[PDB]
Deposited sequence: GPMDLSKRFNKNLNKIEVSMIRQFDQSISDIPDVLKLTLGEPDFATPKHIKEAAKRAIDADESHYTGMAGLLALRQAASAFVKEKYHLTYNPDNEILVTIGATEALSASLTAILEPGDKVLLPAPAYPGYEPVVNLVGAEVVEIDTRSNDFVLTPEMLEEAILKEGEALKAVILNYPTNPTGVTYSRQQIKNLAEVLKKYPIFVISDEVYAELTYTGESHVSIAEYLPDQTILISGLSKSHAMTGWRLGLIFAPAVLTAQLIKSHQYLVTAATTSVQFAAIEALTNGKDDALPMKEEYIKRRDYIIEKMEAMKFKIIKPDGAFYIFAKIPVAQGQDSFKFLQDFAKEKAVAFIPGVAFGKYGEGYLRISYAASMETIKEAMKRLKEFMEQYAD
């Protein structure tokens, strides 16, 4: 306990993860059905497994990856990033946040974030010495308005360094239309701030019009974080991608510890394959997912849960009716105890998620039907 008080002070801002806590609290319950995952459990295709094994027994320098990534976001999202100087690679999603947030942040700084939100941004922000200010989006059913945004920016004043936008959104499944994105950009272009655009769920958009990135309309302020593992099998190498104008990336690149500058074919190949040969594997997956989502929505509506229209995968965010209930953590622990199925408590996504549970439909239809069956059983009690 001598050196243990000589670490970085910001670790004293780091609380225990709400999700990890919830899982360890229900770990000793045998055969829990899990609808809690943020990464789907893909059945890796035979050809990909064989490719991976060949790359093991191989024993180029990120160029082909960067190029494929560039072509990909041009075709998909009409964005132009030069593979030579505007595209960075990370070994995993969380390193992308580490790299970019450590590059931009300074101790006084505030970071705005629509809430409820993925629990992983605030820790990183805290570690580098800054603060997250949530934006309560409850009044528009979790859809951030340009007005909400501008009022929050104005509230935070001169210490505002960045806004983090996550769309399609975890945990709510919120997506934004072209005009919405355009209006948000119209707010953001008036302030000297970075925009962290976390678009990892982009491929899973159910709207009919496809995903629109804020970088289409706000290219100079946007650091675009993307990836592939939400919709492609990666054999565990869930590489992240950072896209940003040359002038910004020339700075971002100096967060060296958090960036990939060389990798074996074993490491890159699943990402390269997903960007090129698997570039359209999300379409059928979307068909199936729309089915799963519709089924859950119908069955939970029948139980009189209030459901946020999930236009982007793969979460349903449900308002637990009964007063049980204002303690979603407990409500879900009791569901876990009596019915042996797990969701994640809305509280795990901060204050503004209480009274909600998050169901992750990146799971088989059978696990889904069983889960709803049991929930229906669990609710007769109420």
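- In this chain, the deposited residues that lack C-alpha positions fall in the ranges 1-2, 62-68, 392-393.
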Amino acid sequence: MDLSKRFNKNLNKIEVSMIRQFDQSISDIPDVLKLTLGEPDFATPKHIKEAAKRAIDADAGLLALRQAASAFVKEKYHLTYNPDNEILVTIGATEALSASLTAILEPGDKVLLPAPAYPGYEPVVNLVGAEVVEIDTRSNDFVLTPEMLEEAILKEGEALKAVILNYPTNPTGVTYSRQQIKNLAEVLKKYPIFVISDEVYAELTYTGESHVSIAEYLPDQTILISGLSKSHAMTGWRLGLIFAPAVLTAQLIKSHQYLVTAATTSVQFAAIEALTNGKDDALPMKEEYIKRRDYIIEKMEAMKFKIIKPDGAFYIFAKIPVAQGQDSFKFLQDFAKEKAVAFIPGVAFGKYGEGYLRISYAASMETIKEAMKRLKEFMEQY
From here on, numbers count along this sequence of modelled residues.
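- Here 233-241 and 141-149 are compared by their mean Cα B-factor, and 141-149 comes out higher.
- Taking the mean C-alpha B-factor of each stretch as recorded, 325-333 and 36-44 are not equal, and the higher mean is that of 325-333.
- Highest C-alpha temperature factor among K304, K76, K182, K190, as the PDB entry reports it: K304.
- Per the deposited record, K155 carries the highest C-alpha B-factor of all listed residues (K161, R178, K155, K279).
- In this PDB entry, the Cα temperature factor of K339 sits in the top third of its chain's modelled residues, the highest group.
- Among all modelled residues in its chain, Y258 ranks in the middle third by Cα B-factor.
- Annotation for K110: C-alpha temperature factor in the middle third relative to the rest of the modelled chain, per the entry.
- Placement of the Cα temperature factor of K351 within the chain: middle third of the modelled residues, per the deposited record.
- Ranked within its chain, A69 lands in the lowest third, by CA B factor from the PDB record.
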